[PDB]
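Just so you know, ligand 1 is whichever comes first in the structure, and atom 1 is the first atom listed for that ligand. Quick note: residue numbers are just sequence positions, from 1.
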Amino acid sequence: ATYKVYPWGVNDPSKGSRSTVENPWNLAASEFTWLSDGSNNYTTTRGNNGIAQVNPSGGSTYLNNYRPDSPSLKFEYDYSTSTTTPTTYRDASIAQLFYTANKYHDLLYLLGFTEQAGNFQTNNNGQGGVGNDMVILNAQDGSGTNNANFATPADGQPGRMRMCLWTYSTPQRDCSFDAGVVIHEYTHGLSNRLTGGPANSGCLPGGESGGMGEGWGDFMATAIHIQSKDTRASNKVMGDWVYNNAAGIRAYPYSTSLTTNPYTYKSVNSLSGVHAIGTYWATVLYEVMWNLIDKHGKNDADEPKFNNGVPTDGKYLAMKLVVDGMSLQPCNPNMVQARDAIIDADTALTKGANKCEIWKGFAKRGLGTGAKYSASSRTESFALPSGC
Ligand SMILES: *[C@@H]1O[C@H](CO)[C@@H](O[C@@H]2O[C@H](CO)[C@@H](O)[C@H](O)[C@H]2NC(C)=O)[C@H](O)[C@H]1NC(C)=O
Ligand SMILES: [Ca+2]
Ligand SMILES: [Ca+2]
Ligand SMILES: [Zn+2]
C-alpha cells in the first residue's frame, strides 16, 4: 500500500514536497495495518484507527460520505496549491488526513495511549478498554470554514474530527494538509479521554481546564515539528499556512524569550477564551520541553528510543510526561494541578529524574511553588523548590 502525501514532519505544503511512502503503519500500534480492523480489509481510507471521507453536507453521519475507491491500494492522488476548486483534490485531502491521523495514532500508542488507556480503535484485540471507536475523519467539512474541531465521547463511541476549508487566501487552503492542525484536533481526543479516565469526557469543558485543552494540542504539534537545527532560541507558530499569516493563529510565538512571548500565570487573569489561555499553557510546556532537550538531547526520528521504558531524548520525554500527566490530574483540572501531575508523572516514570527541569520551566512563567488558582484572581510565583 502506498500514500502520496506530505510525510510526517512536513507540516504543510509551504514547507515541503509530497512523495510516495509505502506501508507507513507501525505494526506495534496498528497490528492489522491501517487498512483492516482484523475482520475486514478495506480498499479505501478506512481501518482500525479511523475512517476518512469528505463531509460537504456538514452532517453528523459518515459511512456513506465519499471516500476514494482504490483497490490498487495506491492512495496516490493529484494535488496542487494553485487549484481553485477544493473538491477537485478531495481524494488527496482525504488521504492526507487519513495518513496524518493514523501516524499520530501510532505515535501516541508508543507514548502510552493504548487500548487500556481509552484510545480510538474499532478492534482492541483483547488488549482492554472498549473498541468500536475509531476516529471519524471529516475532510472539507461543510459545517463551516476557517476552523477545525474534535468531538470526544466516552470510550466506546467514535471521536469525530472536522477539518474545514480556510478562506483567508486565494486559493482557499485545505487544513487536511496542515498536519499541526490535525494533530491539535486529535489531541483534544487524547486529553479528553485521558483526563478523568476514558469513561468521562466532561473533564475539560471550559475556563482554565479548557484552556489547557487548547494548549496541549498546540504543544504536541509544536514538539512533533521541532527541527534538527532548532535550539531553545527558536520561535514557533501554529497554522501559519492554512491561516495565511506568518504569526500563525495565536497572539505570540511559542518562545523561551520573555521578550518574544511575555505570558505568565498572572496574565491568564487578563486572557479571554480557551485559545488565549491555551497559548500560555503551550508556552509553559515549550519551556519545559527545551529544558529536557538541553539535558537529554532530541531525537529527530519519527519515533522515540526507549531506555528501560523511558524515552531517551528530551523531545519525546516531554511528550510522554505531558501524556502521563493527563492520566494523573483531576477531572476539571487547573494549571497548578496539571503541573503537579506532570511532576508526579516524572516521579513515576523516572523516579523524579527531571524534577528540576520541570519546575524551572513552570517557575519561569509564574507557576512556581507559590502559585494558586482562582477563576478570576490567580496568584503566580517564580519560586523554585530548594532541591533546584
Ligand atoms: C487482510 O490484510 C492483512 C494485512 O495486510 C493481510 O495479512 C497479511 O497476509 C500476508 C499473506 O497473506 C502476510 O504475508 C502478511 O504478513 C500479512 N500482514 C499482516 C500485517 O499480518 C491479510 O492477508 C488480508 N486478508 C485477506 C483475506 O486478503
Ligand atoms: Ca476505545
Ligand atoms: Ca476522560
Ligand atoms: Zn482546539
Nearest protein heavy atom under 4.0 Å from [atom], yes or no:
atom	result
atom 13 (C) of ligand 1	no
atom 27 (C) of ligand 1	no
atom 10 (C) of ligand 1	no
atom 3 (C) of ligand 1	yes

Pair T87, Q140: side-chain N/O donor-acceptor within cut-off below 3.5 Å: no

Atoms of ligand 1, numbered as shown, that sit under 4.0 Å from any heavy atom of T33: 4 (C), 5 (O), 20 (C)

Per-atom contacts of ligand 1 with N41, taking only distances under 4.0 Å to non-hydrogen atoms: 1 (C), 2 (O), 3 (C), 22 (C), 24 (C), 25 (N), 26 (C), 28 (O)

Heteroatom test (N, O or S) for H275 near the Zn ion (ligand 4), limit 2.8 Å: no

Test applied, side chain to side chain donor-acceptor pair (under 3.5 Å); reference residue, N11; option that passes from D240, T222, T100, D178: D178

Matching residue for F75 among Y3, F98, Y42, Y99 - test: ring pair (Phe, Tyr, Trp, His ring centres under 6.0 Å): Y3

Which N, O or S atom of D155 lies nearest to the Ca ion (ligand 2), by name: OD1

Backbone or side-chain N/O/S of [X] under 3.0 Å of the Ca ion (ligand 2):
X	result
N119	yes
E115	no
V130	yes

Can you tell whether the side chains of [X] and [Y] come within less than 4.0 Å, N to carboxylate O?
X	Y	value
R193	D155	yes
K236	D230	yes
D106	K103	no

pair check: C175 + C164, SG-SG < 2.5 Å: no

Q116 atom CD, neighbour heavy-atom count above 12 within 6.0 Å: no

Apex the Zn ion (ligand 4) - arms NE2 from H188 and NE2 from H184 - angle rounded to 10°: 110°

NZ or CZ of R160 within 45° of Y62 ring axis and under 6.0 Å: no

Residue and atom name of the nearest protein heavy atom (relative to atom 21 (O) of ligand 1), distance in Å to one decimal: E31 O, 4.8 Å

Shortest-distance N/O/S atom, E214 versus the Zn ion (ligand 4): OE1

